[PDB]
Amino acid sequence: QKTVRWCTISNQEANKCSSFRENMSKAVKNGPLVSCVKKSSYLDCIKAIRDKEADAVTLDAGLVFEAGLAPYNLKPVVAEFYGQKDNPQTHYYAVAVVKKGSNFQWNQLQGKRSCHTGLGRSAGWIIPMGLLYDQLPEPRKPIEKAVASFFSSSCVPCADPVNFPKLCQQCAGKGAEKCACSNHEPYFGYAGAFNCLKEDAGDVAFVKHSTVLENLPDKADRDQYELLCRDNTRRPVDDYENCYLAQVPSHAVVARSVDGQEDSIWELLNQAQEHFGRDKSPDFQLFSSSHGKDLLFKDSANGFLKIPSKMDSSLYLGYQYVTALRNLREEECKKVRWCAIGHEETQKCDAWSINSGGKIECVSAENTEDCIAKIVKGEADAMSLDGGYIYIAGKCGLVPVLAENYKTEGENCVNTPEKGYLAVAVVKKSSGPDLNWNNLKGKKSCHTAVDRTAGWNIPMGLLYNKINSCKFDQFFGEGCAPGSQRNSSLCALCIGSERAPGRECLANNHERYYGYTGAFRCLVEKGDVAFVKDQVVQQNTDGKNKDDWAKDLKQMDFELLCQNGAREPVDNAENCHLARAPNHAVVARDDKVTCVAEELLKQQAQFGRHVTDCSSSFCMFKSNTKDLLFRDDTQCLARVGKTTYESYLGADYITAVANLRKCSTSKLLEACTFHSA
């Protein structure tokens, strides 16, 4: 019924696509149909997809980046994987292949002849040229001109043969097909570049790690070839793991960002790998063809993986690679951009910005995950996170910069490491003794949010060990666990916002039961147990909180549930808690750690706890509502040195969280753990 229109770039690809079509028709009765649209290069395909004349094409990651730019706006939806299906690799190695006895090293490439897969491609172009950049003769813009003056001549398929003739000089295509961006140029692609070297049109080929073994005959003339290593030595072709230029992400199928039919694309490809995958059929091979190498998909792929929905091109490629790509394409610690979540945090941020004289700038997002993603992508620089989210951010590659401290007051606060706060379970003293730790089934729970330390990871981790199931919403009766599935019973007690409707169960300040205070309010108004930090009761009772719901509460009206079944007063969490919680911390990308840390230590020297008059001046650690930007009981931000999320959080906490990985519903976590190695 549904049709996926695949874009081909050559007569050879068109031949394979016709057989893909015919074979899928026969093998799959109801699965999407395939039809083929024949263009003459990947760039014509990207445009055909944008204009809705086609739906899909497979691209080297370097070109995924170009497809993801305006005005094309395509996104990667399915990735090739290499290697064994039980340990799929979503990267491959770029290498430089030379013939034995040619006697030159990496540092002597000047004046040689080069064979490239194609302009703008990972192994063929982006990686080798990024490495050689500093040796190219200036001016290096555009890069083509500099490359044409560095190598004596080359074959770079897809280069403009009119403006850069030397880049197309060693290519082998006839007439108008010379230097073509397709299999009509014999030296196009991995196979082509290798043939370029083989036939002595070039002295070096920039290809991938499987290229030589894939393209050499029945037996091994393989001893005739070697690899150029970056330490200026040469190694055998099967020793690429010790002689590669870089590791690069998989070729991926791309599609329209809006109305891209990706559902259809995955359904097609998934069924196709089942019937016509590696060694699956004599009638048709997805990853092979008698008409050529790497047609439609690479011959070294062994299947497909669906790309998570939150992985856009930036996330798929990774920030380092996007920066190298950006570097070759366009031809400081002045400020810290904070990521604020929602309106109240944005207003506190704005105030900070003004008071700081612009050293702090403010970027907004509607939830924690969107903030973390902005930081990873370079749209923001820092925010403070609960341990549960540090874990997620750490998987996405962010690093802890400074810790919030809660126990140490005064001048030594910044230099004192704290062990952590405590995750506890708080109940009303008035609840009968049947309410205890071993009898929570069917009870009404209040949680700070899904994926936070005290609110979720610690308690739900403990419970998972008992019930051996991720269906928490079938264990508890009804609760408020912000961030849960909207029609779950774990959203049923949530009350959203007083001003705007439809905000129930959101994991942000629109939800009145969100956060430490929030969950304590949930306990007071509706729940039986709150999963929260120690001290939340003391901080919101006996008059410290003046809001209607809290003004008459007393500390003595609450108790803690201990794991042995007993109950203790709230002043005794040290002997009645669920586990230690790592202190919340400011995270940043590895390139900004120093900058973020140094400026914040200066911010707090001006705006920290010692400010006796908050109003005339700004107070970083006090908040109009609750835990705006930092926890309200934060005494200072403290140095953590050079550490990683794993050592910051501790093996005990890492163990607990990883224990729950099967139950995770975080879309960010799913995107940040997609890639191998």
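Just count from 1 along the sequence shown to find any residue number.
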item	value
Unresolved deposited residues lying between neighbours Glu331 and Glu332	4 to 9
Given 382 to 390 and 154 to 162, the range whose Cα B-factors average higher in the PDB entry	154 to 162
Stretch with the greater mean C-alpha B-factor as recorded in the entry, comparing 92 to 100 against 237 to 245	237 to 245
Member of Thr625, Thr634, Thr644, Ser40 with the greatest C-alpha B factor (per the PDB record)	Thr625
Options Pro76, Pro400, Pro582, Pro139 - largest CA temperature factor per the record	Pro139
Chain third (lowest, middle, highest) by recorded CA B-factor, residue given as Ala658	middle
Entry-reported Cα temperature factor of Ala638, expressed as the chain third it lands in	lowest
Chain third (lowest, middle, highest) by recorded CA B-factor, residue given as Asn457	lowest
Cα B factor band for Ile126 (lowest, middle or highest third within the chain)	middle
Ranked against its chain, the third holding the CA B-factor of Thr665	middle
